[PDB]
Amino acid sequence: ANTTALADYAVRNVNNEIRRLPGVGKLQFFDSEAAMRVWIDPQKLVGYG
Amino acid sequence: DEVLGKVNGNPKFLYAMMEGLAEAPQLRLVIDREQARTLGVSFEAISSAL
Amino acid sequence: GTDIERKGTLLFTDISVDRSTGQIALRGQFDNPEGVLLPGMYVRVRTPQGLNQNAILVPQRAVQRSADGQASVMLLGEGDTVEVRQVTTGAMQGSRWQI
Amino acid sequence: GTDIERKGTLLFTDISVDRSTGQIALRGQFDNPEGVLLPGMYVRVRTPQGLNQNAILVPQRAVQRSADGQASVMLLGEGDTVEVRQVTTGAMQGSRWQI
């Protein structure tokens with residue numbers, strides 16, 4: 001399970017709604033956030049100079 | 001280790017433990033700055049690459 | 001930037017790859033009767049990459065891409081039911097994808 | 001980028017280290033009956049680095065290191081007593097260290 005898709009759904013749809021609720025002073029989302037990862041292969045970089 | 005030896009052997013306490021991460025082996029990188037430089041390698045390139 | 005299309009024949013395909021980019025250079029010949037094509041223009045050449053007889057195409061509107069990048073299609077299961085089946089995604093034609 | 005695998009033999013090991021990169025050059029000859037291997041292509045070569053007849057491989061989690069960097073291993077001695085035998089560790093293969 002790609003936990004990152006779940007976390008992105010939670011941040012885009014769930015956390016904002018709850019933090020909008022009356023009475024709640026702070027939401028502590030206890031995980032990461034989506035990000036374009038660039039997994040470089042240094043051996044390819046070697047091959048291409 | 002002194003205090004934990006003196007404490008954990010004393011029956012006054014149920015247990016005592018370093019609530020903390022134990023030392024781990026590390027991999028120091030010995031960079032010959034002079035050697036790398038002579039080959040034309042800046043320290044900036046090595047630092048950025050690592 | 002223009003609506004000019006020219007048909008041409010693949011004359012030659014190189015054996016050696018360029019060192020800097022790792023790409024092969026090819027050569028085609030295009031008739032230039034009206035003088036439209038000028039020497040040195042940057043041209044995007046559409047080159048056929050093999051023909052498959054059993055290819056499957058559904059319009060892009062019907063294929064959904066999930067957050068992880070895997071795409072699936074909505075197939076009608078037994079009892080007129082909706083089933084999720086992941087598909088391995090291929091090429092592009094018009095407004096239809098390949099599967 | 002491809003599953004194309006080929007075998008070859010090492011022919012020549014240069015003796016002069018490159019001054020700029022601090023490397024030695026080696027030359028290997030590879031059969032290319034289908035013409036798949038193209039000149040100039042970047043490739044990876046798995047060169048053997050010597051054979052060990054009595055290589056000792058242990059689970060990687062079974063190695064300890066002291067404050068000085070000297071690696072040591074717990075051993076089951078006579079009488080089911082744990083002994084500390086110091087060890088020098090080699091390379092890392094999969095989930096095991098070469099001893």
# chains A, B, ... in the order shown; residues from 1 in each chain; ligands from 1
call {"tool": "calpha_fit_rmsd", "arguments": {"fixed": "chain D", "moving": "chain C"}}
result
2.4 Å
call {"tool": "residues_around", "arguments": {"residues": "residue D:26", "least_positions_apart": "4", "cutoff": "8 Å", "atoms": "only C-alpha atoms", "output": "PyMOL selection string"}}
result
chain D and resi 10-14
call {"tool": "write_last_selection", "arguments": {"atoms": "N, CA, C and O atoms", "output": "compact mmCIF listing (two decimals), in the first residue's frame"}}
result
# COMPACT_ATOMS: atom_id res chain seq x y z
N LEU D 10 38.36 -10.44 -21.03
CA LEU D 10 39.29 -9.34 -20.83
C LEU D 10 40.56 -9.60 -21.60
O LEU D 10 41.16 -10.67 -21.50
N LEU D 11 40.99 -8.60 -22.37
CA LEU D 11 42.15 -8.73 -23.24
C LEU D 11 43.38 -8.06 -22.66
O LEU D 11 44.47 -8.65 -22.66
N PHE D 12 43.23 -6.85 -22.15
CA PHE D 12 44.35 -5.97 -21.88
C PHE D 12 44.04 -5.14 -20.65
O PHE D 12 42.93 -4.62 -20.50
N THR D 13 45.02 -5.02 -19.76
CA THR D 13 44.92 -4.18 -18.58
C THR D 13 46.02 -3.14 -18.63
O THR D 13 47.20 -3.49 -18.49
N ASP D 14 45.65 -1.88 -18.83
CA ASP D 14 46.63 -0.83 -19.01
C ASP D 14 47.41 -0.65 -17.72
O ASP D 14 46.88 -0.87 -16.62
call {"tool": "select_by_dssp", "arguments": {"residues": "chain D", "states": "strand (DSSP E)", "output": "VMD selection string"}}
result
chain D and resid 8 to 13 26 to 30 57 to 59 64 to 65 71 to 76 82 to 87 92 to 93 96 to 98
call {"tool": "closest_residue", "arguments": {"among": "C:34, C:78, C:18, C:83", "to": "chain D", "atoms": "only C-alpha atoms"}}
result
C:18
call {"tool": "closest_residue", "arguments": {"among": "B:16, B:24, B:29, B:4", "to": "residue B:46", "atoms": "only C-alpha atoms"}}
result
B:29
call {"tool": "atom_distance", "arguments": {"atom1": "atom CA of residue C:61", "atom2": "atom CA of residue C:82"}}
result
17.0 Å
call {"tool": "closest_atom_pairs", "arguments": {"of": "chain A", "to": "chain C", "cutoff": "10 Å", "atoms": "only C-alpha atoms", "output": "Markdown table"}}
result
| residue | atom | partner | partner_atom | distance |
| --- | --- | --- | --- | --- |
| A:1 | CA | C:68 | CA | 9.7 |
| A:2 | CA | C:68 | CA | 7.1 |
| A:3 | CA | C:68 | CA | 9.8 |
| A:4 | CA | C:68 | CA | 8.4 |
| A:5 | CA | C:67 | CA | 5.7 |
| A:6 | CA | C:67 | CA | 9.1 |
| A:8 | CA | C:67 | CA | 8.7 |
| A:9 | CA | C:67 | CA | 9.3 |
| A:34 | CA | C:67 | CA | 9.9 |
| A:47 | CA | C:19 | CA | 8.9 |
| A:48 | CA | C:20 | CA | 6.1 |
| A:49 | CA | C:20 | CA | 7.2 |
call {"tool": "write_last_selection", "arguments": {"atoms": "N, CA, C and O atoms", "output": "compact mmCIF listing (two decimals), in the first residue's frame"}}
result
# COMPACT_ATOMS: atom_id res chain seq x y z
N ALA A 1 0.83 -1.19 0.00
CA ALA A 1 0.00 0.00 0.00
C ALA A 1 0.87 1.25 0.00
O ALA A 1 1.73 1.42 0.88
N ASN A 2 0.67 2.10 -1.00
CA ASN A 2 1.39 3.36 -1.09
C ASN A 2 0.80 4.28 -0.03
O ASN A 2 -0.23 4.92 -0.24
N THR A 3 1.46 4.34 1.13
CA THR A 3 0.97 5.19 2.21
C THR A 3 0.96 6.65 1.79
O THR A 3 0.23 7.45 2.39
N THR A 4 1.74 7.01 0.77
CA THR A 4 1.80 8.40 0.35
C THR A 4 0.50 8.84 -0.33
O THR A 4 0.06 9.98 -0.16
N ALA A 5 -0.14 7.95 -1.09
CA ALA A 5 -1.43 8.30 -1.66
C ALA A 5 -2.47 8.48 -0.57
O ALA A 5 -3.29 9.41 -0.63
N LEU A 6 -2.45 7.62 0.43
CA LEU A 6 -3.36 7.76 1.56
C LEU A 6 -3.13 9.07 2.29
O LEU A 6 -4.08 9.78 2.63
N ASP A 8 -1.76 11.81 1.08
CA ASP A 8 -2.18 12.91 0.23
C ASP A 8 -3.69 13.09 0.28
O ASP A 8 -4.18 14.22 0.35
N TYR A 9 -4.43 11.99 0.25
CA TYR A 9 -5.88 12.11 0.37
C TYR A 9 -6.25 12.72 1.71
O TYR A 9 -7.13 13.58 1.78
N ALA A 34 3.26 14.43 0.03
CA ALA A 34 3.66 14.04 -1.31
C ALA A 34 4.81 14.90 -1.80
O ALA A 34 4.99 16.04 -1.36
N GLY A 47 27.76 7.23 -17.00
CA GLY A 47 27.79 6.87 -18.41
C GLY A 47 27.61 8.07 -19.31
O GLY A 47 28.20 8.14 -20.39
N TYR A 48 26.80 9.03 -18.89
CA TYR A 48 26.51 10.18 -19.72
C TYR A 48 27.44 11.36 -19.45
O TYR A 48 27.19 12.45 -19.97
N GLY A 49 28.48 11.17 -18.65
CA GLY A 49 29.39 12.25 -18.34
C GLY A 49 28.75 13.36 -17.55
O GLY A 49 29.18 14.52 -17.64
call {"tool": "residues_around", "arguments": {"residues": "residue B:33", "least_positions_apart": "5", "cutoff": "9 Å", "atoms": "only C-alpha atoms", "output": "PyMOL selection string"}}
result
chain B and resi 38+41-43
call {"tool": "select_by_dssp", "arguments": {"residues": "chain A", "states": "alpha helix (DSSP H)", "output": "list in words"}}
result
residues 3, 4, 5, 6, 7, 8, 9, 16, 17, 18, 19, 42, 43, 44, 45, 46 and 47 of chain A
call {"tool": "write_last_selection", "arguments": {"atoms": "C-alpha atoms", "output": "CSV table (one decimal), in the first residue's frame"}}
result
chain,number,residue,atom,x,y,z
A,3,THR,CA,1.0,5.2,2.2
A,4,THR,CA,1.8,8.4,0.4
A,5,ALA,CA,-1.4,8.3,-1.7
A,6,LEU,CA,-3.4,7.8,1.6
A,7,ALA,CA,-1.6,10.7,3.2
A,8,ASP,CA,-2.2,12.9,0.2
A,9,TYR,CA,-5.9,12.1,0.4
A,16,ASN,CA,-8.4,20.8,6.3
A,17,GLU,CA,-12.1,19.9,7.2
A,18,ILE,CA,-11.2,18.9,10.7
A,19,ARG,CA,-8.9,21.9,11.4
A,42,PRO,CA,24.8,7.7,-10.4
A,43,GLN,CA,26.0,5.0,-12.7
A,44,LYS,CA,23.8,6.4,-15.5
A,45,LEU,CA,25.2,9.8,-14.7
A,46,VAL,CA,28.6,8.3,-15.0
A,47,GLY,CA,27.8,6.9,-18.4
call {"tool": "atom_distance", "arguments": {"atom1": "atom CA of residue C:31", "atom2": "atom CA of residue C:16"}}
result
26.8 Å
call {"tool": "closest_atom_pairs", "arguments": {"of": "chain D", "to": "chain C", "cutoff": "7 Å", "atoms": "only C-alpha atoms", "output": "Markdown table"}}
result
| residue | atom | partner | partner_atom | distance |
| --- | --- | --- | --- | --- |
| D:38 | CA | C:16 | CA | 5.7 |
| D:39 | CA | C:16 | CA | 4.8 |
| D:40 | CA | C:17 | CA | 5.4 |
| D:41 | CA | C:17 | CA | 5.9 |
call {"tool": "atom_distance", "arguments": {"atom1": "atom CA of residue B:32", "atom2": "atom CA of residue D:25"}}
result
22.7 Å
call {"tool": "residues_around", "arguments": {"residues": "residue D:60", "least_positions_apart": "5", "cutoff": "12 Å", "atoms": "only C-alpha atoms", "output": "PyMOL selection string"}}
result
chain D and resi 65+71+73+89-99
call {"tool": "closest_atom_pairs", "arguments": {"of": "chain B", "to": "chain D", "cutoff": "8 Å", "atoms": "only C-alpha atoms", "output": "CSV"}}
result
residue,atom,partner,partner_atom,distance
B:25,CA,D:65,CA,6.2
B:39,CA,D:20,CA,5.1
B:40,CA,D:20,CA,7.0
call {"tool": "residues_around", "arguments": {"residues": "residue C:32", "least_positions_apart": "5", "cutoff": "12 Å", "atoms": "only C-alpha atoms", "output": "CSV table (one decimal) with C-alpha atoms, in the first residue's frame"}}
result
chain,number,residue,atom,x,y,z
C,4,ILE,CA,2.9,21.3,-43.6
C,5,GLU,CA,3.2,17.5,-43.7
C,6,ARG,CA,5.7,15.7,-45.9
C,7,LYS,CA,6.0,11.9,-46.5
C,8,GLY,CA,9.5,10.5,-46.6
C,37,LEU,CA,11.6,22.9,-46.4
C,38,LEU,CA,14.7,24.9,-45.8
C,39,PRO,CA,18.2,23.6,-44.9
call {"tool": "closest_residue", "arguments": {"among": "D:88, D:75, D:9, D:1", "to": "residue D:48", "atoms": "only C-alpha atoms"}}
result
D:9
call {"tool": "residues_around", "arguments": {"residues": "residue B:15", "least_positions_apart": "5", "cutoff": "12 Å", "atoms": "only C-alpha atoms", "output": "list in words"}}
result
residues 4, 5, 6, 7, 8, 9 and 10 of chain B
call {"tool": "write_last_selection", "arguments": {"atoms": "N, CA, C and O atoms", "output": "mmCIF file, in the first residue's frame"}}
result
data_model
loop_
_atom_site.group_PDB
_atom_site.id
_atom_site.type_symbol
_atom_site.label_atom_id
_atom_site.label_comp_id
_atom_site.auth_asym_id
_atom_site.auth_seq_id
_atom_site.Cartn_x
_atom_site.Cartn_y
_atom_site.Cartn_z
ATOM 1 N N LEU B 4 24.497 3.147 35.702
ATOM 2 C CA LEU B 4 23.595 2.029 35.450
ATOM 3 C C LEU B 4 24.050 0.748 36.128
ATOM 4 O O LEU B 4 23.203 -0.041 36.556
ATOM 5 N N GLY B 5 25.354 0.518 36.242
ATOM 6 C CA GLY B 5 25.828 -0.612 37.007
ATOM 7 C C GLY B 5 25.497 -0.448 38.472
ATOM 8 O O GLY B 5 25.070 -1.400 39.131
ATOM 9 N N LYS B 6 25.669 0.770 38.994
ATOM 10 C CA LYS B 6 25.375 0.993 40.403
ATOM 11 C C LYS B 6 23.885 0.940 40.702
ATOM 12 O O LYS B 6 23.508 0.676 41.848
ATOM 13 N N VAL B 7 23.034 1.170 39.712
ATOM 14 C CA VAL B 7 21.597 1.262 39.931
ATOM 15 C C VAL B 7 20.896 -0.058 39.647
ATOM 16 O O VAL B 7 20.138 -0.554 40.479
ATOM 17 N N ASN B 8 21.135 -0.646 38.473
ATOM 18 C CA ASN B 8 20.393 -1.842 38.088
ATOM 19 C C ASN B 8 20.680 -3.008 39.024
ATOM 20 O O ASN B 8 19.848 -3.909 39.164
ATOM 21 N N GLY B 9 21.845 -3.015 39.660
ATOM 22 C CA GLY B 9 22.124 -4.006 40.674
ATOM 23 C C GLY B 9 21.527 -3.720 42.030
ATOM 24 O O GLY B 9 21.558 -4.586 42.907
ATOM 25 N N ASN B 10 20.975 -2.524 42.229
ATOM 26 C CA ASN B 10 20.374 -2.148 43.499
ATOM 27 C C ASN B 10 18.899 -2.508 43.482
ATOM 28 O O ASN B 10 18.168 -2.037 42.597
#
call {"tool": "decode", "arguments": {"residues": "stretch 3-28 of chain B", "atoms": "C-alpha atoms", "output": "mmCIF file, in the first residue's frame"}}
result
data_model
loop_
_atom_site.group_PDB
_atom_site.id
_atom_site.type_symbol
_atom_site.label_atom_id
_atom_site.label_comp_id
_atom_site.auth_asym_id
_atom_site.auth_seq_id
_atom_site.Cartn_x
_atom_site.Cartn_y
_atom_site.Cartn_z
ATOM 1 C CA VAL B 3 25.513 4.816 37.178
ATOM 2 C CA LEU B 4 23.595 2.029 35.450
ATOM 3 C CA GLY B 5 25.828 -0.612 37.007
ATOM 4 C CA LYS B 6 25.375 0.993 40.403
ATOM 5 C CA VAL B 7 21.597 1.262 39.931
ATOM 6 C CA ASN B 8 20.393 -1.842 38.088
ATOM 7 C CA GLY B 9 22.124 -4.006 40.674
ATOM 8 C CA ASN B 10 20.374 -2.148 43.499
ATOM 9 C CA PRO B 11 17.017 -3.780 44.369
ATOM 10 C CA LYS B 12 15.443 -0.395 45.199
ATOM 11 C CA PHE B 13 14.459 0.150 41.544
ATOM 12 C CA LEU B 14 12.361 -2.051 39.288
ATOM 13 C CA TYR B 15 14.448 -1.155 36.236
ATOM 14 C CA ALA B 16 16.557 1.656 34.813
ATOM 15 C CA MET B 17 17.456 2.103 31.158
ATOM 16 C CA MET B 18 18.942 4.766 28.928
ATOM 17 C CA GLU B 19 15.773 6.043 27.335
ATOM 18 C CA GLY B 20 17.951 6.840 24.351
ATOM 19 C CA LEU B 21 19.561 5.460 21.247
ATOM 20 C CA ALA B 22 22.714 3.411 21.695
ATOM 21 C CA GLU B 23 25.924 4.268 19.868
ATOM 22 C CA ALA B 24 26.106 2.894 16.344
ATOM 23 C CA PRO B 25 29.077 2.050 14.131
ATOM 24 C CA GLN B 26 29.863 4.854 11.701
ATOM 25 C CA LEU B 27 31.573 4.977 8.320
ATOM 26 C CA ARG B 28 33.965 7.914 8.380
#
